Each structure stands twice: as C-alpha cells, then as structure tokens.
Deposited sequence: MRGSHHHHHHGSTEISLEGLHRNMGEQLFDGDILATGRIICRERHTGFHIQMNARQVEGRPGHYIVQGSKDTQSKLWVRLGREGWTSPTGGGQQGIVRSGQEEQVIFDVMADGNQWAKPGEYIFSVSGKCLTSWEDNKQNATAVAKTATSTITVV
C-alpha cells in the first residue's frame, strides 16, 4: 500500500554548498490518495517546516543543516505535496553553505499517503570523509 525508500550519494567532501543533494528518496502509494506527507526524524529548525539539523552518529557535536523537498511541497511538523500519481521523488539537501565535521550521518525519513494513516520509515547513511 505504502512503501518508502531513501538513497544516499555513496563519498562526501567536508565542504558543502547550498542545495547540494545529499540523499534521494521516493514514496509509492498503491491505494487511492490525494497526496503525500513526508517528515524527517531529526530536530527541526525553529518554526521552519522542511528544515532540519542532523547530528553525527558517534560525535554528537557534528551537525548538518539540511532541507527537504524537490518540487511542490508545502507547510501544513512535516511537509506536504498534492498528487494522485503513484509516486513522488524527494531530496535531502545541504541547507546553506557549511563545513561538515568528518564522520557518519544517518538520514531518517517517514512518509504517509493522504486519503488516521500508517507511516513507513526509510533510512540512509552518509559519510563525510
């Protein structure tokens, strides 16, 4: 009914630029729907849906400022896109220029199909070398 996948770039450098795609995913809905919901399981930037701070896997102090969205997403805690089509593509991007501490960053994203729904989660890891 509802399947979600997320795929990293798979050899990051330390210097990131605004908009740099760090990961890509899709949501598939096979039952009738009017749209898609997507959210990242990460701390959100204050009052700004779609924008997140991802922490390091072993470092705590290592942070990555990142945003969701590709085409037509919007603020309704989570962001939303309309469509009856079977699937959407979405991107996780570097939010402004930044210098990432080396290490590992786990992106974790959950999605719903829009008709009280059940969300599936997908995760991808990036390594800043």
property: Stretches with no C-alpha atoms in the model, relative to the deposited sequence starting at 1; result: 1-11, 22, 89-93, 133-141
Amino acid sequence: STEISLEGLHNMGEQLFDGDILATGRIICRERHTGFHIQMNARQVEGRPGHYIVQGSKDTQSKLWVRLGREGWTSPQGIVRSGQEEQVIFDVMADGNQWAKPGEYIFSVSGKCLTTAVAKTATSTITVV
From here on, numbers count along this sequence of modelled residues.
| property | result |
| --- | --- |
| Entry-level comparison of average CA B-factors, 58-66 and 30-38, reporting the higher stretch | 58-66 |
| Per the entry, higher mean C-alpha B factor between 67-75 and 95-103 | 67-75 |
| C-alpha B-factor winner, where the candidates are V118, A23, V109, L16 | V118 |
| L6, C-alpha B-factor rank within chain (lowest, middle or highest third) | middle |
| Lowest, middle or highest third - CA B-factor, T127 | highest |
| Ranked against its chain, the third holding the CA B-factor of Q84 | highest |
